[PDB]
Amino acid sequence: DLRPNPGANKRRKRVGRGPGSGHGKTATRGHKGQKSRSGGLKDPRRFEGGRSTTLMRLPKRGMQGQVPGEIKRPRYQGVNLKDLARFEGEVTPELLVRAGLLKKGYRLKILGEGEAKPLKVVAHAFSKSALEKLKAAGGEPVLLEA
Amino acid sequence: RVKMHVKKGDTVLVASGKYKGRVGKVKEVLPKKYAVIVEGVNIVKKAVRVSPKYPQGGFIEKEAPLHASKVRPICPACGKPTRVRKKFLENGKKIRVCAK
Amino acid sequence: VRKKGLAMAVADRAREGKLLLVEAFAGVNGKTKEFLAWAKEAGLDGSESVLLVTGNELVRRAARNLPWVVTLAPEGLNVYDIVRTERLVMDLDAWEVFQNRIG
Amino acid sequence: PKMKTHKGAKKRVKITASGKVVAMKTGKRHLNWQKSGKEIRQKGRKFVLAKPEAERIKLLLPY
RNA sequence: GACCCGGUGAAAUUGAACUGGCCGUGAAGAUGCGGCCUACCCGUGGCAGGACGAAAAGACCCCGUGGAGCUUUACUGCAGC
RNA sequence: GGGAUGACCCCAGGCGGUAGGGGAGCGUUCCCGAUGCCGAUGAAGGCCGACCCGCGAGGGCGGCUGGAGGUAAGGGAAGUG
RNA sequence: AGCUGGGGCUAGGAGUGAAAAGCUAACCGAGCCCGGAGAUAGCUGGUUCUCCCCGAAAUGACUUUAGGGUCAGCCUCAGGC
RNA sequence: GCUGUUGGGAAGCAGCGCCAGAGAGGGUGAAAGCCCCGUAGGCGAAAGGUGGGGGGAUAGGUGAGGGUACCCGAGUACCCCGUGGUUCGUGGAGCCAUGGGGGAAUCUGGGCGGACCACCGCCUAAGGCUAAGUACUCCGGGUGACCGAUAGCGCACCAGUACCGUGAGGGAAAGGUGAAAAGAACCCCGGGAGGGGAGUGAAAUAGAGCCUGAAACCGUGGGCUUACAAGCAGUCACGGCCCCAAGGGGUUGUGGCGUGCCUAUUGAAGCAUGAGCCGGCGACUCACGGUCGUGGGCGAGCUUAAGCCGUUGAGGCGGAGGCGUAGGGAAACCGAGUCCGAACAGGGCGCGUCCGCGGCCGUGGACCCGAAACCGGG
RNA sequence: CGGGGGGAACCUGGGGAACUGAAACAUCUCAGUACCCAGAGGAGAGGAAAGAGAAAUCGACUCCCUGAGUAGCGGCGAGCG
C-alpha cells in the first residue's frame, strides 16, 4: 500500500471546539453570559434549589445491610434450554462457563424457553417447566455439591 | 586527553579550503583549538612594536591556525588516514599501506 | 484488529506483485557485500525500498546498513514497517510464523 | 477519578429493565390516623419523568 | 519667589482629537446630534466658570447564606473550679 | 429536475441578528511522509508591491534585505491566533 | 510621678499599657515571614483567526430564594413519523 | 575517495570509484558513509571499591514407642470504666490496641470464628531476628511528536548573586562580530569622546554588548497641501497639482453623508467602566469515571489487567477479571415470568462489546487574574 | 568499646491544624493531610498465625492487577469506603 492516504476515513473529527476569536464562540466563551458559569457550579443531577432534590422520596427499599456486611449464601444463575440447543453430548457447569453463561457465577439452574434436547444435563436446579420440557430425552442430574 | 588528534610537528598535506593542496612542514599544533599551522593560512596584523624598541615590529605578518581536520599527513605516497599498529611490544602509527 | 491489519497489509502487498518469499541465502556470514550480490541475482536492485524478514541473524547483519532495506525478525512483523516499505521479502520459515499469527 | 454511586438513591429507588426509575409512593408513613383505605392502599411503586434521567446518572456503575 | 537670559531638567495625567456660543435635543447637566450665531493662523503673562477636571475599584447607604473586633440569662463546647 | 452525477448546468424558494446551537475553512508549534526533496544561481526571518488566486481567515508571484537553514501531497499531535 | 547613655528581660489571642483598643521596626480591633495554598469568592473584570445556516429569554413552580439556582416554557443539532 | 567545476570557502553540481556487523550523531569556510571525532563490532585494571552470581568452610539442623503429668513468656489473659484503630459516627458492636479498677490458669490450659448461649471448627498471646519482590532521585548515564533566552530551573551569563529587609525572609536583570581577529598601523579634525581617509574581510548599513535588526518614538530631504472656517477626523463625488501611461499612484480644494472602541445595560457619543502608544507574555485543559454521538473490529458474544517473553521507535503472550446473554421480589424465592393478593380478579415491572474520535457531565485548581480573612511553624 | 552532627526526596514512629466541602453550621469533611519532634537506612515498615473465614478450605510479610466504588459506614446529609 501507499504511504499517504492510508488517511483516516469518513469521520474522525479531532477538530474539537476552541472558544477564542471574533467568529465562533467569542467574548464570553461558547456558552455562559451571566455568573456561575465561572470555575465550578453545584451539580445538578441531585443538587439544588437548596430545595429538597427529590430526597422527599423514601427508602422502602428496606433491607439495606447490617454491620458485618453481606451473608455468604450460595448464589444461582439462570440459563435457558434454548441456549443449550447449540451443543450436544452432555452439559454440565463449567462446561457452560466456557461459553456465554454461568461463568464463575456459581450454582447452575437450567430453565425456560426453547425446546429441550437429548442430552444429560447436570444442574443444581430446574424450573418445573424446564424439568418437564427436558423429558423429551435428557437428564435429572440434580442434587450435586459436597 | 579529550584534546587528541591525527598529527604532530611534521610534514602534512593540506586539503583545506583556500590553501587546498599544499604540503607543509611541522604543523605546530594547538589542540585547545583543534588547530595547526603549516605555511598555509597567512594574513596581515597591524602593529607599532610592543615597545617601539627597534621602531616598527615589521610588516609581513605570519600564519593563521587552520583546523586540524583540514590537514592530512603523508609518506611513501600521499594523504592517507593513519592506522595504528601493535609493533609486538609498544605501539606506533603506520599509514595505510606504508609505515610511520 | 491487529491480526486483520497484519494479514491485510501483506495481502495488499501480495496483490501489488511485491510479495516474494524465498529460500536461497548463500549470502552468508552477514557481509553487506554478500547480500548485495545475492540481491542482484534476485532482481533486488535497490530501486525500491525493501522489507526483509527472517530468523537468520547472519542475513540480518547482511542488509541493515543498506539504506534502501529495512531488516526485521519475524515476530517484529507489523503493518507500519510493512507499509513504509515498497517491497516485501520473507523467509519461508518467516512465512510459516506469519501463518500461525493468523490462522 | 471513578464515580461513586450515590448511596441515598440506591437505597431508595429501583432501576427497571427498560431503564425507568421506580420509586415508592410518598406520603403514608405517619400522616395516617384516618386517610381512606384508598389512600393507604394506593402505595406501591411508580415512575418519575425527566427527574429519572438525573437519578439514573447517579447510579452510574450499577447501571 | 513669580517674569527675561544662560546651565541642568522632573511629575501626576493621557482612547484618539482638526476640542467655540445660545436654544433645543439626547440615559433626562453636550466642543462631538439639530437649528441658529460666532470665529484669520500661532504663542506668552494672568483667573479659576467648564471639561460631570485629577487622585483613591465610596468611608455614607444597601447587597453577600463575605469577614473580623466586642457582648450576653443566643447555641454548643473548653480552661478553671 | 437532470441523471453519458458532469459536485457541472437549468427550476423554485430563502440568506438583519446578541445569549446561544450547528457547519465548513485559514493560520501557528511539533510528528510520520525523510538515509527523501528545496537551499549560497541564497533557507528562515524582515522592508516594499498599483501584480495573481481566494468571500474571508489567508495563499502566491516580483523587487530589496538577509546569510543557513527550510520542508509537498496526504495523515497525526497540541503550551495554537 | 524629672530627663538621658550603656547592659539586660517581657511577644502575637501573647506582651506592654497614669487606658487611646494606645504601642509592640513608617497602616496593630490582634505583628512579620514561609508554609496548608492554585483557601473560598452564588461578586467585578478579562477571554485571542475566518466564512456559512438557524436563532432565544428577561415567564411559571419551588428555593435561608429574591442580582444564585432545579424543573417547566422559548433556541439549536441528529434520527424518526 | 580521488579528480574536475562554481564559489571567500565544497561537504553542492559533475565524472569515475570504494566500505558497510560501521548509511546513529556532531564537526570541518556551504549540503560528506569513505577528512576529523565517532558509529557497528571487539579489547582493557597494577590500585581501590563492588561482589554466593560460582565455589568452598564453619555455625547449625539429622528417631520411634510406654509411662509420669514436672514446663510451655503475669499485674499478662479475663471483666468493667475511658478511648484509639478497622468500612463500623453507641450501633445488635465483636476483633486489634490500652490510661484506670478489679485480677486467672499451663493443655479439663487459653484467644478467636461480629452481642450472647450451645454445638462444630480455627489458632496457641503476654520475648526477639529475618533477605528478596516495594519506595525515592542529591549523584552517573540513556532517551524525547520537551523549552529554546519575557521560553526552559529563580540562575545558559561568576545567582541564591546584585538589590531589598533588624531578621526570619524576599529576590532580578544580563546569551550570539567573523570561516579566521585578519579586532583596523599610518595620516587628518578634536582635550578627549567621536569622526574622515587608509587598511582587513566574501560582507564593515559584520567595527566590537558588533548576526538578524520589526513597532512605538525622534529627525533630515522631497512631492501634494493649508492663515474667513466649525472638527469621532473618515467616506462618496467632482475638480486641481505631482510621479510612470487612454491605466494607475500620491495629495486634497469644494460639495453630500457621518454620535470613537470594549464592557455593562431597559437604555452609552455618552458627562457610566477599561485603555498614553508600541512590542512581546497572557485565559475552557489533562487524568480517571460517566453519558450521548460518530469511524471502525468481532458478534451471543466482546474484551483482556497486572505481569511474562521479544524488540531496542516490533510486537507477541497473559482470561484473574469486567460488561452482555433474564426478569421480578425487601427478602426466603420463583422464573419468561414474578410482586401484592384467598384468587383460573385485576394491575406493576418484565428482549451487545472492544478500540479511535467529538459533544457534554462527576472528581480533582477544572476558563484566567483578585480578596477581607483562618490555621501551623518560625 | 559506642554515641553525638549532616543528608534531595523516600520510610517509620511521637505529637497534629485551618481555610475548605457540607451551597449557613456544631456531628461529619479537608485529613492523620500540612506542619513540628524523634529515629532508620540504602531503603524503611512488615514478616512465619493465640491469622483468615465457611471452603473435606487456605497457609509468613511486602508490592502490583483484580475483587469494588462492591460489602458496608454516614446530621443514612455532604461524603467515606
# chains A, B, ... in the order shown; residues from 1 in each chain; ligands from 1
>>> residues_around(residues="stretch 2-13 of chain D", least_positions_apart="6", cutoff="9 Å", atoms="only C-alpha atoms (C1' of nucleotides)", output="MDAnalysis selection string")
(chainID A and resid 55 57:62 64) or (chainID D and resid 21:24 55 58:62) or (chainID H and resid 288:290 362:363) or (chainID I and resid 69 76)
>>> interface_residues(of="chain I", to="chain A", cutoff="10 Å", atoms="only C-alpha atoms (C1' of nucleotides)", output="number ranges by chain")
I: 23, 54, 56, 71-73, 76
>>> write_last_selection(atoms="N, CA, C and O atoms (P, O5', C5', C4', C3', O3' and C1' of nucleotides)", output="PDB file, in the first residue's frame")
ATOM      1  P     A I  23     -25.330  20.707  50.658  1.00  0.00           P
ATOM      2  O5'   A I  23     -25.524  22.115  51.374  1.00  0.00           O
ATOM      3  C5'   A I  23     -25.945  23.273  50.626  1.00  0.00           C
ATOM      4  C4'   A I  23     -24.742  24.100  50.227  1.00  0.00           C
ATOM      5  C3'   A I  23     -24.396  25.295  51.145  1.00  0.00           C
ATOM      6  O3'   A I  23     -23.103  25.154  51.765  1.00  0.00           O
ATOM      7  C1'   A I  23     -24.354  25.914  48.850  1.00  0.00           C
ATOM      8  P     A I  54     -16.528 -16.801  54.259  1.00  0.00           P
ATOM      9  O5'   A I  54     -17.153 -18.262  54.185  1.00  0.00           O
ATOM     10  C5'   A I  54     -16.630 -19.202  53.240  1.00  0.00           C
ATOM     11  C4'   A I  54     -16.947 -20.617  53.658  1.00  0.00           C
ATOM     12  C3'   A I  54     -18.429 -20.937  53.848  1.00  0.00           C
ATOM     13  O3'   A I  54     -18.689 -22.280  53.450  1.00  0.00           O
ATOM     14  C1'   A I  54     -17.297 -21.250  55.879  1.00  0.00           C
ATOM     15  P     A I  56     -15.606 -28.526  51.908  1.00  0.00           P
ATOM     16  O5'   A I  56     -14.893 -28.337  53.325  1.00  0.00           O
ATOM     17  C5'   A I  56     -13.508 -28.677  53.511  1.00  0.00           C
ATOM     18  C4'   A I  56     -13.346 -30.115  53.953  1.00  0.00           C
ATOM     19  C3'   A I  56     -11.924 -30.658  53.913  1.00  0.00           C
ATOM     20  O3'   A I  56     -11.031 -30.150  54.883  1.00  0.00           O
ATOM     21  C1'   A I  56     -13.348 -32.281  53.017  1.00  0.00           C
ATOM     22  P     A I  71     -23.357  -3.716  47.656  1.00  0.00           P
ATOM     23  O5'   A I  71     -22.475  -4.171  48.905  1.00  0.00           O
ATOM     24  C5'   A I  71     -22.330  -5.572  49.217  1.00  0.00           C
ATOM     25  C4'   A I  71     -21.455  -5.788  50.428  1.00  0.00           C
ATOM     26  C3'   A I  71     -21.875  -5.112  51.726  1.00  0.00           C
ATOM     27  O3'   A I  71     -22.963  -5.814  52.307  1.00  0.00           O
ATOM     28  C1'   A I  71     -19.521  -5.053  51.484  1.00  0.00           C
ATOM     29  P     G I  72     -24.190  -5.001  52.874  1.00  0.00           P
ATOM     30  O5'   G I  72     -23.673  -4.552  54.305  1.00  0.00           O
ATOM     31  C5'   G I  72     -23.852  -3.212  54.743  1.00  0.00           C
ATOM     32  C4'   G I  72     -22.569  -2.739  55.333  1.00  0.00           C
ATOM     33  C3'   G I  72     -22.603  -1.362  55.975  1.00  0.00           C
ATOM     34  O3'   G I  72     -23.035  -1.479  57.324  1.00  0.00           O
ATOM     35  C1'   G I  72     -20.787  -1.504  54.487  1.00  0.00           C
ATOM     36  P     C I  73     -23.767  -0.264  58.011  1.00  0.00           P
ATOM     37  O5'   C I  73     -22.613   0.824  57.997  1.00  0.00           O
ATOM     38  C5'   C I  73     -21.600   0.789  58.996  1.00  0.00           C
ATOM     39  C4'   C I  73     -20.726   1.986  58.828  1.00  0.00           C
ATOM     40  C3'   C I  73     -21.424   3.316  59.011  1.00  0.00           C
ATOM     41  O3'   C I  73     -21.473   3.673  60.376  1.00  0.00           O
ATOM     42  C1'   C I  73     -20.117   3.363  57.049  1.00  0.00           C
ATOM     43  P     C I  76     -29.803  11.911  59.495  1.00  0.00           P
ATOM     44  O5'   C I  76     -28.812  11.150  58.515  1.00  0.00           O
ATOM     45  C5'   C I  76     -28.992   9.764  58.202  1.00  0.00           C
ATOM     46  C4'   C I  76     -28.673   9.523  56.740  1.00  0.00           C
ATOM     47  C3'   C I  76     -29.821   9.020  55.881  1.00  0.00           C
ATOM     48  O3'   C I  76     -29.415   9.274  54.537  1.00  0.00           O
ATOM     49  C1'   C I  76     -28.271   7.283  56.103  1.00  0.00           C
TER      50        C I  76
END
>>> residues_around(residues="stretch 172-176 of chain H", least_positions_apart="6", cutoff="8 Å", atoms="only C-alpha atoms (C1' of nucleotides)", output="PyMOL selection string")
chain H and resi 149+156-157+211
>>> write_last_selection(atoms="C-alpha atoms (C1' of nucleotides)", output="PDB file, in the first residue's frame")
ATOM      1  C1'   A H 149      16.920  33.227  26.337  1.00  0.00           C
ATOM      2  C1'   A H 156      22.568  29.222  29.541  1.00  0.00           C
ATOM      3  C1'   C H 157      25.858  34.858  31.661  1.00  0.00           C
ATOM      4  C1'   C H 211      24.099  38.295  13.219  1.00  0.00           C
TER       5        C H 211
END
>>> atom_distance(atom1="atom CA of residue B:79", atom2="atom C1' of residue H:40")
25.7 Å
>>> interface_residues(of="chain D", to="chain G", cutoff="12 Å", atoms="only C-alpha atoms (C1' of nucleotides)", output="short mmCIF file (atom, residue, chain, number, x, y, z; two decimals) with N, CA and C atoms, in the first residue's frame")
data_model
loop_
_atom_site.label_atom_id
_atom_site.label_comp_id
_atom_site.auth_asym_id
_atom_site.auth_seq_id
_atom_site.Cartn_x
_atom_site.Cartn_y
_atom_site.Cartn_z
N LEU D 49 -40.44 11.35 35.81
CA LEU D 49 -40.24 11.68 34.37
C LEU D 49 -39.37 12.89 34.09
N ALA D 50 -38.22 12.74 33.41
CA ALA D 50 -37.22 13.85 33.39
C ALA D 50 -36.30 13.98 34.68
N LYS D 51 -36.90 13.89 35.86
CA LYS D 51 -36.15 13.70 37.11
C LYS D 51 -35.47 12.30 37.27
N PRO D 52 -35.85 11.28 36.48
CA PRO D 52 -35.15 10.00 36.49
C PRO D 52 -33.86 9.96 35.69
N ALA D 54 -31.84 12.22 35.77
CA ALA D 54 -30.96 12.70 36.81
C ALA D 54 -30.60 11.55 37.78
#
>>> residues_around(residues="stretch 87-97 of chain C", least_positions_apart="5", cutoff="7 Å", atoms="only C-alpha atoms (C1' of nucleotides)", output="list in words")
residues 18, 19, 20, 21, 22, 23, 48, 49, 50, 51, 52, 53, 54, 55 and 74 of chain C
>>> interface_residues(of="chain F", to="chain A", cutoff="12 Å", atoms="only C-alpha atoms (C1' of nucleotides)", output="PyMOL selection string")
chain F and resi 18-25+32-33+56-57+72-78+80-81
>>> atom_distance(atom1="atom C1' of residue G:63", atom2="atom CA of residue A:46")
14.4 Å
>>> closest_residue(among="C:42, C:8, C:58, C:66", to="chain A", atoms="only C-alpha atoms")
C:8
